[PDB]
Amino acid sequence: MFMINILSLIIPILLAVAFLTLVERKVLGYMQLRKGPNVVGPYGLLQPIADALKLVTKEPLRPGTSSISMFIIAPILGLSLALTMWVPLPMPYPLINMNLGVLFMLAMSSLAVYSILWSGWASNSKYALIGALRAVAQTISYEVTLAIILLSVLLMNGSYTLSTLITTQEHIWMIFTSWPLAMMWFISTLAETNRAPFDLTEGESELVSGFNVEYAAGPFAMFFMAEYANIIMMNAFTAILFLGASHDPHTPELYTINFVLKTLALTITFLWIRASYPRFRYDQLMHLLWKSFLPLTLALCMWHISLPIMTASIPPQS
Amino acid sequence: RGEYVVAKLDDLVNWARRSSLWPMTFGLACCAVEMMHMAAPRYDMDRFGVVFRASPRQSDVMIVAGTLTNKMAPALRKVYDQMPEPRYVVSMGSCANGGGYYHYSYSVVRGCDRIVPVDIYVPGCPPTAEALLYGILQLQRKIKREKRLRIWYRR
Amino acid sequence: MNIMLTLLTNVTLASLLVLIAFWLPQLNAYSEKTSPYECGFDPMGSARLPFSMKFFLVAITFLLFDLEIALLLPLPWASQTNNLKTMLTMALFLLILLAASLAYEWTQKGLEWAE
Amino acid sequence: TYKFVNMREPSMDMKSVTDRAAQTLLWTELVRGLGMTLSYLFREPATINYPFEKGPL
Amino acid sequence: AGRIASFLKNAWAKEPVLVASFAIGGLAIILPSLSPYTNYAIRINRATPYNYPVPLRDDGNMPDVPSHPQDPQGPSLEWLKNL
Amino acid sequence: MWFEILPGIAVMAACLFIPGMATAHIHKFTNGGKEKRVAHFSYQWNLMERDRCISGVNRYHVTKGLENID
Amino acid sequence: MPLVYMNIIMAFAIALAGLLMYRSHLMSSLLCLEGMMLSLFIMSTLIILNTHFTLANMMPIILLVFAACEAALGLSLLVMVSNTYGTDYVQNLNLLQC
Amino acid sequence: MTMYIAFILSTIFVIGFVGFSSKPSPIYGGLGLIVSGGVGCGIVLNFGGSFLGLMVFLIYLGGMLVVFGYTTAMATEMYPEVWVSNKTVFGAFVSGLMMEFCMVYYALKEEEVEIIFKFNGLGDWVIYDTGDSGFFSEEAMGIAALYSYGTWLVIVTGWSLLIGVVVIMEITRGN
Ligand SMILES: COC1=C(OC)C(=O)C(C/C=C(\C)CC/C=C(\C)CC/C=C(\C)CC/C=C(\C)CC/C=C(/C)CC/C=C(/C)CC/C=C(\C)CC/C=C(\C)CC/C=C(\C)CCC=C(C)C)=C(C)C1=O
Ligand code: SF4
């Protein structure tokens, strides 16, 4: 039944990703005074299934200038890592209770850029290569602050194991202790997931479709799978880190409900900001971080390095 | 029986195609403005399953909205070629239908049908966004009446 | 036992979904269909020629910056030592040197993109 | 008659600069932008139910 | 004041992020020496036992070493319990 | 008029609910009701291995207390 | 003298051979250099983890530390050869022969 | 079988090494080093070390991403090459793969190969030590002592990194 657990961490996640599209097209549309998908069955509850069916029966053309091998290996890489990075999350009890869950998730998040990289390069297009390079710059810039902010926040945890965060936020949310970093962290989660207002890798206005421009039918749906699974997992990680929740050891369902609600709220804020801003211009989102996020996060790193020592509050490692 | 199974598969596939028609951002002239107004909150393409998407690789229906000229016709034909099948062409407006006002000009294609196979002819100058929505629904019923797997069964 | 069983499950599920995506839909392919997309008209012809990246300095110093976080990350276990004074001095030394590196880059054009 | 649409020099009093720095650090007009879209989601949508509902002529 | 106050105010006006980062960094550098709890932290790290307190051979003389964990003589950490 | 939005989250909530409970229940089912013992350090693993040895039936969750000893 | 050591040493040997042979480009040689560095890291980590030389586990970290620095300097050298040469190939780098 | 694990991962390590040591297009060489680094992190993980493997993972992915970003920018060609395109890269790949094939062949049957060093290849499980780490991972306390014991290493590494940024600035100045 370990296989049972693995399948229970995949099919529900894929279904949640599918309904993420519907809730996005509804919440966004209601921001814009529209109604969003409404025709298919009741309240559009069948749109994810409908376009899921289309994308896997529509013809998946392969460009004549493509590089077949990487053009195919990129979607597999993206979806596999997006699904894999769900396994160490401490949803009541993590499926894979790793001693270095944070470092593992950082490693797989850094690997996920390589899907974009190989898909963009192998497609043999001007727009695709442009989007690949914008992805290069964006993810390096934001990865530096991702690592520093994770270190600064986890300095109060005592280790990198995800489960102890629940023990850390037993009496107070961690956001009340590191609300500045949290802000920056949230922005980083917006950019690493390659979402608005940093969704310049796609750049629908200026890059048509970015690195998905030559991706059609199944591979495109699969890259979308990776993107939305990453969105939900990032919001889940943010909820785990800062907005901790009560965990009764006898009824983990309470912590499941609270955690799921917090992830839902964070994702809803993601769609909220997606429908309330213009889009950044490449270098700006770099000049935002290398000149405003990086110094502030370095200073906060020193502050959180010193803070347990000056107050005799060094958390235990076990 | 096999006929019933292929019938049900036809209904499922046709329902998916008609319920997730993804159009292309190929507005050319004033007929594009109505193409925007049905995307505006009042008519709202989104509730019918239709969401605008550029990059022809991931679109099904092309609404040729506006005058198709000689200088643009090669681009339109090429771009129609990029669309993976199945593909549909909806022709908005008299200009894209048969020539419209400038039917006798020197640099206007006398109908978009001469370049691509147009599937639905939406008349108007410009057609009211309700009329274009009606044309899209007519295309939806067209996809609903497809008999692909039936013909395959009676190959 | 568990981790590679997981990884295998994800990769085979992905490869399968690719297989159904690529063998079922009954594709009909011709040359102009797979022609590269260049906003309609035929591309000038490139897609592999050198593409200038003006943040090359910024891109490369990212490597050193991300390298330092390797030194930085042992801190959660370094705090739990009996020599907190030395640990604090050395951690602040790393952070101060990173600040100095960033400031040197900022002042000497550095982070500013080339034109 | 003409008006200068953008001819406003910001005040340089300590309170003014503190407010500007607070808006920069603690994103304020960004929160206002979020609030506007929150206010319109809670508002009534304008879509009509075509073809059961037809736009006026 | 004068030049220094004007420079501080202008920096707060133009680049508040740099001002905040420098202030936080200076605070985090100079406070830990002044704060008295720092020593406490060290003692806590010394209090936490990771290895066994391997017993030593009682050849007589040493009074301080306890002959039983419950015995009063020896180091105590009531301060940690109270603090 | 956003209550029509609410079903989308609702079912999705159920989706996000399904793993968090299932793993927990699985951890309870495959380990005899009790929580899965986590070995973050070698001492915990040694305790688990000695439990597997003492149990006699080669399952660590099967625990023996006063009844086992004389 | 155990087995895994043989595989890592052999990998380092092929990476040394690859570095000492150029075909066209400058990036490929640099990649082969960082592969040599990777083999060194894996070997040293295996050695010190096996021997329980706890104080020596920082040594692979310092290895990687200077690894990235050399890779950065080499690719900046490649930036300059591209700026003055348009490309990065080494056979056209001959102006110093006489 | 799960008996060896480390053996197979070492073979994938060597194969990834052959991939980028054959001088392919730098993107393909980067991919080969990527798989080699991943399986090397796997080996380090299987050899009782967690932090070191993930550190290799993160650091090398950063470095190889920057290598890609430079490759398609500076070190590219109108006709990128594959491991089968040119006969030279094909020859290098063939030489490496058949070589390592015959090395592991001579290794895992006789298990007493002398090559360079005496290699008694019984099994990597053998060399493991029966020990007790208590409530602290040895590698964690090992790399955590850098800030407490290795102060000199701290100083030299920080100075080297700062002056590395300085030289990355000076070399790339271009008049
Ligand atoms: C000045 O003059 C001008 C002109 O002058 C003539 C012009 O012409 C023009 C040009 C004209 C135009 C641009 C036209 C106008 C256009 C617009 C106004 C744009 C309007 C746009 C909209 C209304 C839509 C906007 C979109 C929104 C809000 C949201 C979009 C987001 C989405 C998510 C869409 C949905 C897409 C996808 C891919 C999601 C669906 C996929 C899934 C659900 C997949 C699910 C899959 C599964 C569940 C699989 C499950 C598998 C399982 C369980 C197991 C699998 C395993 C196995 C082994 C099989 C302009 C601009 C102009 O300015
Ligand atoms: S048919 Fe009429 S509205 Fe449409 S493009 Fe032609 S002139 Fe304009």
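Residues numbered from 1 in each chain as written, not as in the entry; some residues may be left out. Chains lettered and ligands numbered in written order. Part of a larger assembly, values for the part shown. Heavy atoms only, no water.

Moving on to the interface of chain C and chain A. Of the residues lining the interface, 58 residues belong to chain C; the matching set on chain A comes to 67 residues. The junction of chain C with chain A conceals about 6,100 Å² of combined surface from both sides, 78% of it contributed by carbon and sulfur atoms. Ionic pairing is found between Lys126 of chain A and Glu38 of chain C, a salt bridge with its closest N-O pair at 2.4 Å. At the boundary of chain C with chain A, the tally comes to 11 residue pairs in polar contact. Among the elements of the structure, α1 (2–23), α2 (56–72), α3 (75–78) and α4 (84–107) of chain C are those that each provide at least two residues to the side of chain C that touches chain A. Looking at the side of chain C that touches chain A, the element that brings in the most residues is α1 of chain C, giving 15 residues. (Contact = heavy atoms within 4.5 Å. Buried area = accessible area lost by both parts, 1.4 Å probe. Salt bridge = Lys/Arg side-chain N within 4 Å of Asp/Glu carboxyl O. Polar contact = N/O pair within 3.5 Å; in protein donor to acceptor, adjacent residues only side chain to side chain. Helix = DSSP H or I, 4+ residues; strand = E, 2+ residues; numbered from the N terminus.)

All names here are of chain B. Around ligand 2, the surrounding shell consists of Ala29, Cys30, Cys31, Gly66, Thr67, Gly93, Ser94, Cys95, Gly124, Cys125 and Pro126. When residues of the shell around ligand 2 are assigned to their parent elements, the largest contribution, three residues, is made by helix α4 (residues 93–97). Partitioning the shell around ligand 2 into residue classes produces six nonpolar, five polar and no charged. (Near = heavy atom within 4 Å. Nonpolar A, V, L, I, M, F, W, Y, C, P; charged D, E, K, R; others polar.)

A word on the interface of chain G and chain H. With 55 residues of chain G at the interface, the matching set in chain H holds 68 residues. Between chain G and chain H, the buried area comes to about 5,600 Å², and carbon and sulfur atoms account for 81% of it. Between chain G and chain H we count zero salt bridges in total. The interface formed by chain G and chain H contains nine residue pairs in polar contact. Of all the elements in the fold, those that place two or more residues in the side of chain G that touches chain H are α1 (4–19), α2 (27–51) and α3 (58–85) of chain G.

All names here are of chain B. In terms of burial, strand β1 (residues 61–65) is largely enclosed, as five of its five residues are buried. Every second residue of β1 is oriented toward a common face, with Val61, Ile63 and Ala65 on one face and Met62 and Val64 on the other, all of them buried. Of the pairings in the sheet, the one linking β1 to strand β2 (residues 88–92) comprises five bridges and is parallel in character. Across the sheet, residue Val61 finds its bridge partner in β2, namely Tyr88. (Buried < 20%, exposed > 50% of the residue type's maximum accessible area, 1.4 Å probe, protein only. Pairing = 2+ DSSP bridges.)

Turning next to the arrangement of the chains. The two units chain B and chain E remain apart, with a minimum C-alpha distance of 39 Å. For chain D and chain G, which are not in contact, the least C-alpha distance works out to 34 Å.

Around ligand 1 lies a shell of 25 residues, among which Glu24, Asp51 and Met225 of chain A together with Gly27 and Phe52 of chain B are the nearest. Chains contributing residues near ligand 1 are chains A, B and C. Taking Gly27 of chain B, its main chain carries an N or O atom lying 2.9 Å from an oxygen atom of ligand 1. Burial of ligand 1 by the surrounding chains reaches 67%, relative to a free accessible area of 1,500 Å². Examining the composition of the shell around ligand 1, we find that seven residues originate from one element, helix α2 (residues 11–31) of chain A, more than from any other. Residues that form the shell around ligand 1 fall into these classes: 19 nonpolar, three polar and three charged. (Areas by Shrake-Rupley, 256 points an atom, 1.4 Å probe, with all protein chains shown as cover.)

This paragraph deals with helix α4 (residues 69–84) of chain A. Two residues of an α-helix separated by three or four positions point the same way, owing to the 3.6 residues in each turn. Here α4 of chain A is 16 residues long and its end C-alpha atoms lie 22 Å apart, about the 22 Å a rise of 1.5 Å per residue gives. Burial of α4 of chain A is extensive: 13 of the 16 residues sit out of reach of the surface. (Expected span 1.5 Å × (residues − 1).)

What follows concerns the pattern of salt bridges. Opposite charge on two side chains permits them to pair, given that their charged atoms come into close proximity. Using the criterion set out here, one finds 27 salt bridges over all chains in the structure. Between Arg34 of chain A and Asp44 of chain B there is a salt bridge, with its nearest N and O atoms 2.7 Å apart. A residue pair is termed interchain when its members come from two chains, as with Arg34 of chain A in the loop between α2 and α3 (47–55) and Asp44 of chain B in the loop between α2 (31–37) and β1. Both residues of the pair, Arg34 of chain A and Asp44 of chain B, count as buried. Between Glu146 of chain B and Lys142 of chain B there is a salt bridge whose closest N-O contact spans 3.8 Å. Overall, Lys142 of chain B belongs to the partly exposed group, its relative accessible area being 28%. Bridged by salt links that share partners, the residues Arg25, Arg34 and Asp51 of chain A together with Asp44 and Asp46 of chain B form one connected network.

Moving on: the packing of helix α1 (residues 14–25) of chain D against helix α2 (residues 16–34) of chain E. As a packed pair, α1 of chain D and α2 of chain E sit with axes 9 Å apart at the nearest point and diverge in direction by 85 degrees. With respect to each other, α1 of chain D and α2 of chain E are oriented roughly perpendicular. Together, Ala21, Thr24 and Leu25 of chain D of α1 of chain D and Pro16, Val17 and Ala20 of chain E of α2 of chain E make up the contact between the two elements. Within the contact of α1 of chain D with α2 of chain E, the residues separate by chemical class into five nonpolar, one polar and no charged. (Axes fitted to C-alpha atoms, helices over the stretch in contact; angles between N-to-C directions. Parallel < 35°, antiparallel > 145°, perpendicular 65-115°, else oblique.)

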